[PDB]
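Shown here: protein.txt, compact mmCIF, C-alpha atoms.
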# COMPACT_ATOMS: atom_id res chain seq x y z
CA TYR I 533 -21.81 15.91 -2.72
CA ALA I 534 -20.13 12.59 -1.85
CA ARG I 535 -22.18 9.67 -0.48
CA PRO I 536 -21.60 8.49 3.13
CA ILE I 537 -20.23 4.95 3.58
CA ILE I 538 -21.10 2.16 6.00
CA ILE I 539 -19.20 -1.08 5.72
CA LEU I 540 -20.42 -4.09 7.65
CA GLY I 541 -19.48 -7.70 8.19
CA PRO I 542 -16.11 -9.13 9.23
CA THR I 543 -12.98 -7.03 8.48
CA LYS I 544 -15.14 -3.84 8.28
CA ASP I 545 -12.86 -1.99 10.76
CA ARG I 546 -9.58 -2.67 8.92
CA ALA I 547 -11.34 -1.76 5.66
CA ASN I 548 -12.53 1.43 7.36
CA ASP I 549 -9.03 2.31 8.57
CA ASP I 550 -7.27 1.57 5.30
CA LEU I 551 -9.69 3.69 3.27
CA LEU I 552 -9.18 6.65 5.60
CA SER I 553 -5.39 6.34 5.84
CA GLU I 554 -4.67 5.28 2.23
CA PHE I 555 -6.97 7.76 0.44
CA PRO I 556 -7.28 10.74 2.85
CA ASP I 557 -8.45 13.26 0.24
CA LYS I 558 -11.42 11.16 -0.85
CA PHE I 559 -12.53 9.85 2.55
CA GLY I 560 -13.23 11.40 5.93
CA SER I 561 -14.73 10.74 9.32
CA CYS I 562 -17.31 13.19 10.68
CA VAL I 563 -17.25 15.13 13.97
CA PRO I 564 -19.32 13.39 16.66
CA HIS I 565 -20.96 15.12 19.69
CA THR I 566 -19.89 14.33 23.22
CA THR I 567 -20.78 15.34 26.78
CA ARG I 568 -17.21 14.68 27.82
CA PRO I 569 -15.14 17.71 28.82
CA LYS I 570 -12.55 18.79 26.24
CA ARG I 571 -8.95 17.89 27.13
CA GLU I 572 -5.87 20.06 26.51
CA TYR I 573 -5.04 18.15 23.29
CA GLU I 574 -8.54 18.44 21.81
CA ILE I 575 -10.25 21.14 19.78
CA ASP I 576 -13.98 21.97 19.59
CA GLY I 577 -15.41 21.35 16.13
CA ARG I 578 -12.49 19.10 15.15
CA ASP I 579 -12.12 16.37 17.75
CA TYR I 580 -15.77 16.63 18.93
CA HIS I 581 -18.65 19.03 19.18
CA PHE I 582 -18.45 19.24 22.96
CA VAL I 583 -21.88 19.70 24.57
CA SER I 584 -22.43 21.51 27.90
CA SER I 585 -25.61 19.69 28.80
CA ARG I 586 -26.03 15.97 29.09
CA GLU I 587 -29.74 16.58 29.59
CA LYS I 588 -30.12 18.55 26.36
CA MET I 589 -28.27 15.71 24.69
CA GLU I 590 -30.35 12.86 26.17
CA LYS I 591 -33.34 14.78 24.90
CA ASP I 592 -31.82 15.15 21.43
CA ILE I 593 -31.15 11.39 21.46
CA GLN I 594 -34.81 10.67 22.33
CA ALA I 595 -35.90 12.95 19.47
CA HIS I 596 -33.83 11.02 16.91
CA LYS I 597 -31.42 13.88 16.28
CA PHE I 598 -28.60 11.32 15.99
CA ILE I 599 -28.25 8.36 13.62
CA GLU I 600 -26.29 6.65 16.36
CA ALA I 601 -25.66 7.41 20.06
CA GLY I 602 -23.95 5.57 22.87
CA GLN I 603 -22.29 5.82 26.24
CA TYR I 604 -18.68 4.97 26.91
CA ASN I 605 -16.94 5.51 30.25
CA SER I 606 -19.66 7.74 31.75
CA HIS I 607 -20.01 10.06 28.71
CA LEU I 608 -22.43 10.27 25.81
CA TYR I 609 -21.28 10.21 22.24
CA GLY I 610 -23.58 10.91 19.32
CA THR I 611 -23.27 11.08 15.54
CA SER I 612 -25.59 13.64 14.01
CA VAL I 613 -27.13 13.89 10.56
CA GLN I 614 -25.66 17.38 10.10
CA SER I 615 -22.13 16.18 10.89
CA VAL I 616 -22.55 13.45 8.34
CA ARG I 617 -24.10 15.96 5.98
CA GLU I 618 -21.16 18.33 6.54
CA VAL I 619 -18.49 15.87 5.45
CA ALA I 620 -20.41 14.99 2.29
CA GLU I 621 -20.66 18.63 1.08
CA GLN I 622 -16.87 18.86 1.09
CA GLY I 623 -16.72 16.05 -1.48
CA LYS I 624 -15.54 13.36 0.93
CA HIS I 625 -17.08 9.97 1.55
CA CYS I 626 -17.92 9.92 5.23
CA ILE I 627 -16.61 6.61 6.55
CA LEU I 628 -19.12 5.61 9.20
CA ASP I 629 -18.51 3.19 12.04
CA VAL I 630 -22.08 2.69 13.13
CA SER I 631 -24.66 -0.05 13.57
CA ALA I 632 -26.76 -1.54 10.77
CA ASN I 633 -29.78 0.37 12.12
CA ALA I 634 -28.10 3.68 11.36
CA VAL I 635 -28.46 2.81 7.66
CA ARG I 636 -32.26 3.04 7.59
CA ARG I 637 -31.87 6.23 9.61
CA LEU I 638 -29.44 7.68 7.06
CA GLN I 639 -31.71 6.52 4.24
CA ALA I 640 -34.66 8.37 5.74
CA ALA I 641 -32.60 11.50 6.31
CA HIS I 642 -32.06 11.60 2.52
CA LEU I 643 -28.31 11.03 2.86
CA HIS I 644 -28.33 8.20 0.29
CA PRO I 645 -25.68 6.08 2.05
CA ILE I 646 -23.63 3.37 0.40
CA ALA I 647 -23.97 0.34 2.66
CA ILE I 648 -21.60 -2.52 1.95
CA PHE I 649 -21.82 -5.95 3.53
CA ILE I 650 -18.64 -8.03 3.52
CA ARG I 651 -20.09 -11.56 3.36
CA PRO I 652 -18.09 -14.67 4.37
CA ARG I 653 -18.79 -17.89 2.43
CA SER I 654 -17.80 -20.15 5.33
CA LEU I 655 -16.30 -20.32 8.82
CA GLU I 656 -12.88 -20.99 7.32
CA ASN I 657 -13.49 -18.09 4.96
CA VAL I 658 -13.38 -15.83 8.02
CA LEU I 659 -10.03 -17.44 8.87
CA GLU I 660 -8.91 -16.64 5.33
CA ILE I 661 -9.89 -12.94 5.34
CA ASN I 662 -9.30 -12.33 9.07
CA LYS I 663 -5.99 -14.12 9.59
CA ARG I 664 -5.63 -12.20 12.86
CA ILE I 665 -8.76 -13.48 14.64
CA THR I 666 -8.72 -16.71 16.67
CA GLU I 667 -10.60 -19.98 16.10
CA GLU I 668 -12.95 -19.13 18.96
CA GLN I 669 -13.33 -15.53 17.74
CA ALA I 670 -13.64 -16.25 13.99
CA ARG I 671 -16.54 -18.64 14.66
CA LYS I 672 -18.66 -16.05 16.53
CA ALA I 673 -18.21 -13.61 13.63
CA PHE I 674 -19.84 -15.96 11.12
CA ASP I 675 -22.77 -16.14 13.55
CA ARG I 676 -22.93 -12.34 13.72
CA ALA I 677 -22.61 -12.02 9.93
CA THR I 678 -25.30 -14.61 9.19
CA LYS I 679 -27.79 -12.93 11.53
CA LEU I 680 -26.75 -9.56 10.12
CA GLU I 681 -27.53 -10.61 6.55
CA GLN I 682 -30.73 -12.26 7.66
CA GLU I 683 -31.97 -8.95 9.08
CA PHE I 684 -30.54 -6.19 6.85
CA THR I 685 -30.28 -7.70 3.35
CA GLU I 686 -32.64 -5.07 1.97
CA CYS I 687 -30.42 -2.29 3.36
CA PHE I 688 -27.28 -3.24 1.37
CA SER I 689 -26.25 -1.41 -1.79
CA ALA I 690 -23.66 -4.11 -2.38
CA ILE I 691 -22.24 -7.30 -0.89
CA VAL I 692 -18.53 -8.24 -1.25
CA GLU I 693 -16.78 -11.63 -0.95
CA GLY I 694 -13.18 -12.82 -1.08
CA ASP I 695 -10.54 -15.35 -0.06
CA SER I 696 -8.22 -12.60 1.17
CA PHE I 697 -8.68 -9.19 2.73
CA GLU I 698 -6.60 -8.01 -0.22
CA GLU I 699 -9.34 -9.32 -2.55
CA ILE I 700 -12.12 -7.82 -0.43
CA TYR I 701 -10.57 -4.38 0.12
CA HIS I 702 -9.92 -4.23 -3.64
CA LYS I 703 -13.59 -4.97 -4.16
CA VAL I 704 -14.85 -2.49 -1.58
CA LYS I 705 -12.80 0.13 -3.39
CA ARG I 706 -14.52 -0.65 -6.70
CA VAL I 707 -18.10 -0.75 -5.29
CA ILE I 708 -17.67 2.77 -3.91
CA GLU I 709 -16.35 4.24 -7.14
CA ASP I 710 -18.95 2.38 -9.22
CA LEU I 711 -21.91 3.75 -7.21
CA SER I 712 -20.75 7.38 -7.47
CA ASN T 680 30.63 23.45 33.07
CA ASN T 681 27.59 23.19 35.34
CA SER T 682 25.43 24.22 32.40
CA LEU T 683 27.11 21.38 30.47
CA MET T 684 26.32 18.81 33.15
CA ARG T 685 22.77 20.19 33.42
CA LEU T 686 22.27 20.08 29.65
CA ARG T 687 23.77 16.58 29.56
CA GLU T 688 21.33 15.23 32.16
CA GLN T 689 18.43 16.92 30.38
CA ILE T 690 19.40 15.31 27.07
CA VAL T 691 19.47 11.94 28.81
CA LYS T 692 15.99 12.53 30.23
CA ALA T 693 14.63 13.61 26.84
CA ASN T 694 16.27 10.67 25.12
CA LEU T 695 14.29 8.26 27.29
CA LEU T 696 10.91 10.08 27.20
CA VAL T 697 10.92 10.39 23.44
CA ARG T 698 11.34 6.64 23.36
CA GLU T 699 8.35 6.03 25.65
CA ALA T 700 6.17 8.44 23.67
CA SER T 701 7.08 6.69 20.42
CA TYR T 702 6.09 3.28 21.74
CA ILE T 703 2.65 4.25 23.07
CA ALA T 704 2.01 6.12 19.86
CA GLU T 705 2.83 2.94 17.94
CA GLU T 706 0.56 0.82 20.16
CA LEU T 707 -2.37 3.15 19.69
CA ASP T 708 -1.81 3.08 15.95
CA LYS T 709 -0.99 6.78 15.85
CA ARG T 710 2.60 6.39 14.57
CA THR T 711 4.58 9.55 15.35
CA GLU T 712 8.34 10.20 15.36
CA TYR T 713 9.92 11.90 18.38
CA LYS T 714 13.41 13.26 17.82
CA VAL T 715 15.54 15.21 20.29
CA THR T 716 16.94 18.60 19.21
CA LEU T 717 17.99 21.83 20.84
CA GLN T 718 16.33 25.12 21.34
CA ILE T 719 17.27 28.36 22.98
CA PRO T 720 14.30 29.55 25.07
CA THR T 721 13.77 33.24 25.79
CA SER T 722 14.64 32.48 29.44
CA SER T 723 18.24 31.70 28.44
CA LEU T 724 18.62 35.21 26.99
CA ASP T 725 16.89 37.04 29.86
CA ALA T 726 18.96 35.11 32.41
CA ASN T 727 22.16 37.06 31.57
CA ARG T 728 24.27 33.94 32.18
CA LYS T 729 28.06 34.08 32.47
CA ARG T 730 29.72 34.13 29.07
CA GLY T 731 30.77 30.62 28.02
CA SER T 732 27.53 29.15 29.32
CA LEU T 733 25.41 27.01 26.95
CA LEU T 734 22.02 28.51 26.10
CA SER T 735 20.56 25.22 24.91
CA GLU T 736 18.13 22.84 26.42
CA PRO T 737 16.39 19.91 24.76
CA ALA T 738 13.32 20.26 22.57
CA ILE T 739 11.29 17.63 20.76
CA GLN T 740 10.79 17.34 17.04
CA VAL T 741 7.42 15.76 16.46
CA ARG T 742 6.77 14.24 13.05
CA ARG T 743 3.62 12.59 11.68
CA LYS T 744 3.40 11.11 8.16
CA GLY T 745 1.43 13.29 5.75
CA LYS T 746 0.88 16.02 8.32
CA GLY T 747 4.08 17.91 9.02
CA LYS T 748 6.63 18.52 11.75
CA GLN T 749 6.40 20.56 14.93
CA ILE T 750 8.54 21.38 17.95
CA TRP T 751 7.43 20.64 21.52
CA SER T 752 9.28 21.72 24.63
CA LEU T 753 10.61 18.97 26.88
CA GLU T 754 8.15 20.13 29.57
CA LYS T 755 5.35 19.72 27.06
CA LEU T 756 6.34 16.14 26.14
CA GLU T 757 6.69 15.36 29.83
CA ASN T 758 3.11 16.61 30.43
CA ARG T 759 1.64 14.95 27.33
CA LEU T 760 3.15 11.69 28.58
CA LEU T 761 0.78 11.94 31.55
CA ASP T 762 -2.03 11.75 29.00
CA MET T 763 -0.48 9.12 26.70
CA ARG T 764 0.10 6.76 29.66
CA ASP T 765 -3.54 7.34 30.73
CA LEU T 766 -4.90 6.67 27.25
CA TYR T 767 -2.71 3.60 26.94
CA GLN T 768 -3.83 2.07 30.24
CA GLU T 769 -7.40 2.93 29.32
CA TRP T 770 -6.90 1.12 26.00
CA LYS T 771 -5.26 -1.96 27.59
CA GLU T 772 -8.06 -2.30 30.13
CA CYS T 773 -11.01 -1.66 27.83
CA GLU T 774 -13.08 -4.78 27.26
CA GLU T 775 -15.69 -3.09 25.07
CA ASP T 776 -15.14 -3.11 21.28
CA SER T 777 -18.22 -1.12 20.22
CA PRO T 778 -18.73 1.59 17.60
CA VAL T 779 -18.41 4.23 20.37
CA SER T 780 -15.36 2.72 22.08
CA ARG T 781 -13.60 2.29 18.71
CA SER T 782 -14.26 5.91 17.73
CA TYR T 783 -13.16 7.17 21.12
CA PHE T 784 -9.69 5.59 20.72
CA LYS T 785 -9.48 6.50 17.03
CA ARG T 786 -10.08 10.19 17.69
CA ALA T 787 -8.00 10.56 20.86
CA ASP T 788 -4.68 12.07 19.79
CA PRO T 789 -2.44 13.56 22.50
CA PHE T 790 0.50 12.62 20.24
CA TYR T 791 0.33 15.38 17.63
CA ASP T 792 -1.31 18.80 17.36
CA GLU T 793 -3.46 19.55 14.30
CA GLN T 794 -2.93 23.31 14.85
CA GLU T 795 -5.55 24.67 12.42
Rendering of file as structure tokens:
Amino acid sequence: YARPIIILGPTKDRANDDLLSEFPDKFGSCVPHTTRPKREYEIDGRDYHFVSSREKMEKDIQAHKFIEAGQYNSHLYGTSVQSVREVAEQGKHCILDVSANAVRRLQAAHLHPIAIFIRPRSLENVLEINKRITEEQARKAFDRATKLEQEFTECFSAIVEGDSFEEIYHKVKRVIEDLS
Amino acid sequence: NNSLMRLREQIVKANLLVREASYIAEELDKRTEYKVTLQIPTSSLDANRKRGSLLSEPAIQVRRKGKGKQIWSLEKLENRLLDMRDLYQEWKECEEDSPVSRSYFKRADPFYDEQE
């Protein structure tokens, strides 16, 4: 049993990608549910669990059967405890791209997630670790990260800091292996 | 030589398409190599062509790092392009950036077939 992962803060998405693409035997993404019809290049149980009934699904959402659910382009997408559970059995760390609320939900489901907050020291720090983002865009991330840490401090297993994404990624790697 | 001229025009067509597929794949961060090769379809054998006629038509070698290589027919690339173009324009026009939108684009892969 491998513990599911949720990274948060600025650079979370690149960190998410790199973990999945650089260490593909240790990390995995789970299969979400969707009400969207399957396309010719998709496969049930691999791409998504395709559901036939948007109503059954809306009901399952209301009954907390998903740790995270959303709509995108007319269709519902949901991430279920069992999908998360299923990746973990296979000895892979489920890399989760989900909100900070999904962490308490995973905690309660007995999944024992590893939540990691990437914390920026300053506004320029964001510019250091997210050399891609703009001056307008880097600013609004510090605001999101401050309010994030103000609300979910007690949900973090660890908090990482750096002057480069190289330093931070390196650290995220170590936190995971340390806590398992 | 009409089969030559037909093959030649087909190879030109494939040469271009493989280039468009490659680019969209790169944009969507699903890097995939498209190479043009030949194949001899069963139609070419059951069509009892005049001797001296070429049996070949273009096929597409599809390669993805750490996954393997597969052949698609030209017709198949041409059809998948319908989907790649769609996904691309959908990507370029999306103003969302949410957990769900991110996952949607991450998982959508008309570029390579898992086959398992």
Which residues are near segment 685-691 of chain I? Cut-off 10 Å, only C-alpha atoms, ignore same chain within fewer than 4 positions. Put them as a VMD selection string.
chain I and resid 538 to 541 632 to 633 635 to 636 639 645 to 652 680 to 681 703 to 704 707 to 708 711
What lies within 9 Å of residue 783 of chain T using all atoms listed in the file, ignoring chain neighbours under 5 positions off, as a list in words?
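Residues near the query, excluding close chain neighbours: residues 604 and 609 of chain I; 778 of chain T.
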Please list as a compact mmCIF listing (two decimals) with C-alpha atoms, keeping the file's coordinate frame every residue within 12 Å of residue 763 of chain T, counting all atoms listed in the file and excluding residues in the same chain fewer than 4 positions away.
# COMPACT_ATOMS: atom_id res chain seq x y z
CA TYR I 573 -5.04 18.15 23.29
CA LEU T 696 10.91 10.08 27.20
CA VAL T 697 10.92 10.39 23.44
CA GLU T 699 8.35 6.03 25.65
CA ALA T 700 6.17 8.44 23.67
CA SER T 701 7.08 6.69 20.42
CA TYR T 702 6.09 3.28 21.74
CA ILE T 703 2.65 4.25 23.07
CA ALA T 704 2.01 6.12 19.86
CA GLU T 705 2.83 2.94 17.94
CA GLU T 706 0.56 0.82 20.16
CA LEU T 707 -2.37 3.15 19.69
CA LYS T 709 -0.99 6.78 15.85
CA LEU T 756 6.34 16.14 26.14
CA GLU T 757 6.69 15.36 29.83
CA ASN T 758 3.11 16.61 30.43
CA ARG T 759 1.64 14.95 27.33
CA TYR T 767 -2.71 3.60 26.94
CA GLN T 768 -3.83 2.07 30.24
CA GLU T 769 -7.40 2.93 29.32
CA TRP T 770 -6.90 1.12 26.00
CA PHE T 784 -9.69 5.59 20.72
CA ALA T 787 -8.00 10.56 20.86
CA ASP T 788 -4.68 12.07 19.79
CA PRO T 789 -2.44 13.56 22.50
CA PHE T 790 0.50 12.62 20.24
CA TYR T 791 0.33 15.38 17.63
With distances taken over all atoms listed in the file, the candidate from T:683, T:773, T:761, T:695 nearest residue 732 of chain T is T:683
Residue neighbourhood segment 740-746 of chain T, 8 Å, all atoms listed in the file, exclusion window fewer than 5 positions, as a PyMOL selection string:
chain T and resi 710-716+751+791
